[PDB]
>>> print(open('start_34.cif').read())   # mmCIF, C-alpha atoms and all ligand atoms
data_structure
loop_
_atom_site.label_atom_id
_atom_site.label_comp_id
_atom_site.auth_asym_id
_atom_site.auth_seq_id
_atom_site.Cartn_x
_atom_site.Cartn_y
_atom_site.Cartn_z
CA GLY A 1 80.36 139.66 112.20
CA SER A 2 78.32 137.41 109.81
CA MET A 3 78.42 133.59 110.33
CA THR A 4 76.31 130.42 109.71
CA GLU A 5 75.57 127.79 112.44
CA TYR A 6 75.58 124.17 111.09
CA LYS A 7 73.92 121.33 113.11
CA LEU A 8 75.94 118.15 112.21
CA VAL A 9 75.37 114.50 113.32
CA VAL A 10 78.03 111.71 113.15
CA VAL A 11 76.60 108.18 112.76
CA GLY A 12 78.16 104.72 112.16
CA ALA A 13 78.71 101.28 113.78
CA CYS A 14 80.58 100.80 117.12
CA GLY A 15 84.40 101.28 117.02
CA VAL A 16 84.59 103.10 113.66
CA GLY A 17 86.01 106.35 115.06
CA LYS A 18 82.98 108.66 115.44
CA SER A 19 84.22 110.06 118.83
CA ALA A 20 87.91 110.08 117.64
CA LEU A 21 86.99 112.10 114.46
CA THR A 22 85.02 114.67 116.58
CA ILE A 23 87.75 115.18 119.29
CA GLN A 24 90.52 115.30 116.58
CA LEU A 25 88.60 118.15 114.77
CA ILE A 26 87.88 120.10 117.95
CA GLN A 27 91.03 119.91 120.11
CA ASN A 28 93.73 118.23 117.85
CA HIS A 29 93.79 115.08 120.11
CA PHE A 30 93.63 111.33 119.18
CA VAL A 31 91.65 109.57 121.91
CA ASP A 32 92.44 105.96 122.58
CA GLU A 33 89.61 105.11 125.00
CA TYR A 34 86.42 107.20 124.76
CA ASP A 35 83.46 105.57 126.61
CA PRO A 36 81.25 104.04 123.83
CA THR A 37 77.94 104.96 125.67
CA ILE A 38 78.84 108.72 125.96
CA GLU A 39 76.78 110.80 123.45
CA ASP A 40 77.85 114.51 123.72
CA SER A 41 77.87 117.53 121.31
CA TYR A 42 81.00 119.68 120.57
CA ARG A 43 81.11 123.29 119.18
CA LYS A 44 83.91 124.76 116.96
CA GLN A 45 84.13 128.09 115.04
CA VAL A 46 86.12 127.74 111.73
CA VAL A 47 86.51 129.72 108.43
CA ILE A 48 85.29 127.56 105.43
CA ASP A 49 85.85 129.19 101.95
CA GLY A 50 86.16 132.60 103.76
CA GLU A 51 82.79 132.27 105.63
CA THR A 52 82.83 132.05 109.49
CA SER A 53 81.05 128.74 110.37
CA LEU A 54 79.88 127.60 113.86
CA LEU A 55 79.95 123.75 113.81
CA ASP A 56 77.69 121.98 116.40
CA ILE A 57 78.55 118.22 116.18
CA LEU A 58 76.54 115.39 117.90
CA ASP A 59 78.63 112.17 118.30
CA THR A 60 76.09 109.28 118.42
CA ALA A 61 76.84 106.45 120.87
CA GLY A 62 75.53 103.38 122.68
CA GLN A 63 72.10 104.61 123.67
CA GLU A 64 68.44 103.76 122.71
CA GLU A 65 67.90 104.19 118.90
CA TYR A 66 64.53 105.89 119.35
CA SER A 67 64.49 108.08 122.44
CA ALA A 68 62.94 111.59 122.29
CA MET A 69 66.53 112.97 122.77
CA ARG A 70 67.93 111.26 119.60
CA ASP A 71 64.76 112.09 117.55
CA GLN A 72 65.31 115.80 118.52
CA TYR A 73 68.99 115.78 117.30
CA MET A 74 68.08 113.78 114.11
CA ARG A 75 65.14 116.16 113.25
CA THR A 76 67.28 119.36 113.82
CA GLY A 77 70.42 117.82 112.16
CA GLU A 78 71.20 119.61 108.82
CA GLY A 79 74.08 117.30 107.69
CA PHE A 80 75.15 113.69 108.43
CA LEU A 81 78.55 112.08 108.41
CA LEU A 82 78.10 108.34 107.53
CA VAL A 83 81.29 106.80 109.09
CA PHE A 84 82.64 103.26 108.49
CA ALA A 85 86.16 101.84 109.24
CA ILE A 86 88.15 100.64 106.14
CA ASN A 87 89.19 97.49 108.18
CA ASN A 88 85.54 96.69 109.08
CA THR A 89 83.38 95.17 106.28
CA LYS A 90 80.16 95.00 108.47
CA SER A 91 80.43 98.79 109.34
CA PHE A 92 80.52 99.53 105.54
CA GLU A 93 77.54 97.14 104.88
CA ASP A 94 75.65 98.95 107.76
CA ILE A 95 75.88 102.35 105.87
CA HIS A 96 72.76 101.28 103.81
CA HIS A 97 70.65 100.94 107.04
CA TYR A 98 71.84 104.36 108.46
CA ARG A 99 71.18 106.38 105.22
CA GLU A 100 67.59 104.97 104.94
CA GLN A 101 66.94 105.56 108.73
CA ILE A 102 68.16 109.22 108.32
CA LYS A 103 65.88 109.69 105.22
CA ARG A 104 62.91 108.21 107.24
CA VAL A 105 63.29 110.54 110.34
CA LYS A 106 64.02 113.57 108.02
CA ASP A 107 61.00 112.49 105.83
CA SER A 108 63.02 113.57 102.71
CA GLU A 109 65.21 112.14 99.94
CA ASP A 110 67.64 115.11 99.71
CA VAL A 111 69.41 115.09 103.11
CA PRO A 112 73.04 116.41 102.94
CA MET A 113 75.46 113.52 103.78
CA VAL A 114 79.18 112.64 103.27
CA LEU A 115 80.51 109.03 103.22
CA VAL A 116 83.61 108.83 105.51
CA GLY A 117 86.05 105.87 105.33
CA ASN A 118 87.96 106.27 108.65
CA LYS A 119 91.19 104.53 109.92
CA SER A 120 92.88 105.10 106.48
CA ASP A 121 96.25 104.81 108.41
CA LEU A 122 95.63 101.00 108.90
CA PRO A 123 97.22 98.63 106.31
CA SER A 124 94.68 95.91 107.21
CA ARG A 125 92.05 97.37 104.89
CA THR A 126 89.01 95.19 103.84
CA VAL A 127 86.95 97.94 102.05
CA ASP A 128 88.90 99.11 98.94
CA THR A 129 88.56 102.80 97.81
CA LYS A 130 86.68 101.72 94.66
CA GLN A 131 83.91 99.95 96.63
CA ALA A 132 83.35 103.06 98.86
CA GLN A 133 83.25 105.38 95.77
CA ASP A 134 80.69 102.97 94.12
CA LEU A 135 78.48 103.21 97.29
CA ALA A 136 78.94 107.05 97.40
CA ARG A 137 77.94 107.42 93.67
CA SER A 138 74.85 105.11 94.13
CA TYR A 139 73.60 107.66 96.77
CA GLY A 140 74.94 110.84 95.00
CA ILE A 141 77.16 111.97 97.97
CA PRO A 142 80.93 112.64 98.22
CA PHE A 143 83.38 110.11 99.80
CA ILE A 144 86.28 111.26 102.09
CA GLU A 145 89.09 108.98 103.40
CA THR A 146 90.08 110.05 106.98
CA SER A 147 92.33 109.02 109.90
CA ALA A 148 91.57 110.38 113.43
CA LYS A 149 95.14 109.12 114.21
CA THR A 150 97.16 111.06 111.51
CA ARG A 151 94.53 113.89 110.95
CA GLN A 152 94.39 113.13 107.16
CA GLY A 153 91.04 114.33 105.67
CA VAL A 154 89.44 115.12 109.12
CA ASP A 155 88.95 118.87 108.29
CA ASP A 156 87.94 117.95 104.66
CA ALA A 157 85.17 115.53 105.88
CA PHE A 158 83.37 118.13 108.11
CA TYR A 159 84.05 121.07 105.66
CA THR A 160 82.70 119.00 102.67
CA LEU A 161 79.46 118.30 104.66
CA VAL A 162 79.18 122.12 105.24
CA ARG A 163 79.57 122.63 101.42
CA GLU A 164 76.83 119.93 100.86
CA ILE A 165 74.47 121.85 103.25
CA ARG A 166 75.25 125.13 101.34
CA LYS A 167 74.28 123.44 97.99
CA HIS A 168 71.01 122.08 99.57
CA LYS A 169 69.93 125.60 100.81
CA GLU A 170 70.01 126.92 97.15
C1 LIG A 201 79.44 101.28 120.20
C2 LIG A 201 78.17 102.11 120.36
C3 LIG A 201 77.84 103.22 119.36
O1 LIG A 201 78.72 104.04 119.12
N1 LIG A 201 76.64 103.30 118.78
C4 LIG A 201 75.61 102.28 119.06
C5 LIG A 201 75.01 101.77 117.74
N2 LIG A 201 74.51 102.91 116.94
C6 LIG A 201 73.81 102.43 115.75
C7 LIG A 201 72.81 103.51 115.29
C8 LIG A 201 71.59 102.99 114.91
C9 LIG A 201 70.58 103.85 114.48
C10 LIG A 201 69.34 103.24 114.10
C11 LIG A 201 68.34 102.74 113.79
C12 LIG A 201 70.78 105.23 114.41
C13 LIG A 201 69.74 106.08 114.01
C14 LIG A 201 68.71 106.30 114.93
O2 LIG A 201 68.76 105.69 116.15
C15 LIG A 201 67.62 107.12 114.64
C16 LIG A 201 67.54 107.75 113.40
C17 LIG A 201 68.57 107.55 112.47
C18 LIG A 201 69.66 106.72 112.77
CL1 LIG A 201 70.88 106.52 111.57
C19 LIG A 201 72.02 105.74 114.80
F1 LIG A 201 72.23 107.06 114.76
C20 LIG A 201 73.03 104.88 115.24
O3 LIG A 201 74.18 105.54 115.60
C21 LIG A 201 75.34 104.75 115.44
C22 LIG A 201 75.67 103.74 116.56
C23 LIG A 201 76.30 104.37 117.80
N1 LIG A 202 94.36 103.48 113.84
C1 LIG A 202 93.24 104.24 114.00
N2 LIG A 202 92.46 104.00 115.09
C2 LIG A 202 91.34 104.74 115.30
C3 LIG A 202 90.97 105.78 114.33
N3 LIG A 202 89.82 106.33 114.77
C4 LIG A 202 89.49 105.70 115.93
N4 LIG A 202 90.40 104.76 116.23
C5 LIG A 202 90.37 103.87 117.41
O1 LIG A 202 89.25 102.99 117.37
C6 LIG A 202 88.69 102.83 118.68
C7 LIG A 202 87.23 103.23 118.62
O2 LIG A 202 87.17 104.64 118.42
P1 LIG A 202 85.90 105.53 118.87
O3 LIG A 202 86.15 106.91 118.31
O4 LIG A 202 85.60 105.35 120.33
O5 LIG A 202 84.74 104.80 118.00
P2 LIG A 202 83.15 105.11 118.04
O6 LIG A 202 82.60 103.91 118.78
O7 LIG A 202 82.77 105.16 116.58
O8 LIG A 202 82.95 106.41 118.76
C8 LIG A 202 89.50 103.73 119.61
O9 LIG A 202 90.47 102.97 120.33
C9 LIG A 202 90.23 104.67 118.69
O10 LIG A 202 91.51 105.06 119.18
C10 LIG A 202 91.86 105.97 113.18
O11 LIG A 202 91.61 106.84 112.32
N5 LIG A 202 92.95 105.19 113.08
MG MG A 203 81.92 106.93 120.61
#
>>> encode(input="start_34.cif", output="structure tokens", more="lines below")
Ligand SMILES: *CCC(=O)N1CCN2Cc3cc(C#C)c(-c4c(O)cccc4Cl)c(F)c3OC[C@H]2C1
Ligand SMILES: Nc1nc2c(ncn2[C@@H]2O[C@H](COP(=O)(O)OP(=O)(O)O)[C@@H](O)[C@H]2O)c(=O)[nH]1
Ligand SMILES: [Mg+2]
Amino acid sequence: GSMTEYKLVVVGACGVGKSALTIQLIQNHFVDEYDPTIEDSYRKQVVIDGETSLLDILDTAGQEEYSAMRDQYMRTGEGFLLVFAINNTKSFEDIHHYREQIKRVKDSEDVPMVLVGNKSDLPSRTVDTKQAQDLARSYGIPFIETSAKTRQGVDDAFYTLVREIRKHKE
């Protein structure tokens, strides 16, 4: 029957859990060693607020920043997940650079994004919840705490981005 296809892109520094968040959503698996240069897309059909949704998720990786292939996925991308790790201060600081780069390639100021603080299962936190929420408010986007290990917030992160895209359409 009726459904909506959503083109999603996951971006963030090395080792934050981009690949782990994608594989956890798609096949309920926590991957320990996913090759950091492997940049693949994964499809998943899910019901979100009683609407059938076809998620198409690009997991960015260690490849050239400005190849025709990445430009194509960035230009077609409808929503962005801005991922940092809550035990990695530099990955959180880097969120500023990624948001502006997304705005620049999308040539717009209203691009649907969600801020995702991943590895929420780790005690050795260095980015407190308040700091992340401050950053999220400064950009007018929601913030979701997630763990690819425990599955906490994984569904919520992707489903919230879908809701953000819905708002942007109307
Ligand atoms: C460990 C390797 C890995 O997972 N990577 C490599 C580093 N990369 C950083 C990154 C940088 C930029 C930039 C500039 C973008 C990007 C590009 O290339 C074009 C348009 C918009 C944006 Cl945000 C990017 F997507 C990434 O992805 C994260 C990360 C992945
Ligand atoms: N404890 C914990 N480890 C994680 C989590 N997400 C990813 N990792 C680990 O961090 C490492 C880097 O993950 P990966 O998904 O490859 O990061 P990427 O470079 O952003 O794609 C891997 O060993 C993962 O098992 C998480 O939520 N909790
Ligand atoms: Mg990866």
>>> residues_near_point(input="start_34.cif", point="(84.0, 116.3, 106.1)", cutoff="8 Å", atoms="only C-alpha atoms", output="ChimeraX atom specification")
/A:81,114,116,144,153-162
>>> residues_near_ligand(input="start_34.cif", ligand="ligand MG 203 (chain A)", cutoff="7 Å", atoms="all atoms listed in the file", output="PyMOL selection string")
chain A and resi 17-19+34-38+59-61
>>> write_last_selection(input="start_34.cif", atoms="C-alpha atoms", output="PDB file, in the coordinates of the input")
ATOM      1  CA  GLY A  17      86.010 106.350 115.060  1.00  0.00           C
ATOM      2  CA  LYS A  18      82.980 108.660 115.440  1.00  0.00           C
ATOM      3  CA  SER A  19      84.220 110.060 118.830  1.00  0.00           C
ATOM      4  CA  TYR A  34      86.420 107.200 124.760  1.00  0.00           C
ATOM      5  CA  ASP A  35      83.460 105.570 126.610  1.00  0.00           C
ATOM      6  CA  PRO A  36      81.250 104.040 123.830  1.00  0.00           C
ATOM      7  CA  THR A  37      77.940 104.960 125.670  1.00  0.00           C
ATOM      8  CA  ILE A  38      78.840 108.720 125.960  1.00  0.00           C
ATOM      9  CA  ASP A  59      78.630 112.170 118.300  1.00  0.00           C
ATOM     10  CA  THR A  60      76.090 109.280 118.420  1.00  0.00           C
ATOM     11  CA  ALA A  61      76.840 106.450 120.870  1.00  0.00           C
TER      12      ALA A  61
END
>>> residues_near_point(input="start_34.cif", point="(72.1, 117.8, 105.8)", cutoff="6 Å", atoms="all atoms listed in the file", output="PyMOL selection string")
chain A and resi 78-80+111-113+165
>>> closest_residue(input="start_34.cif", among="A:97, A:29, A:75, A:119", to="ligand LIG 202 (chain A)", atoms="only C-alpha atoms and all ligand atoms")
A:119
>>> closest_residue(input="start_34.cif", among="A:91, A:138, A:101, A:120", to="ligand LIG 201 (chain A)", atoms="all atoms listed in the file")
A:101
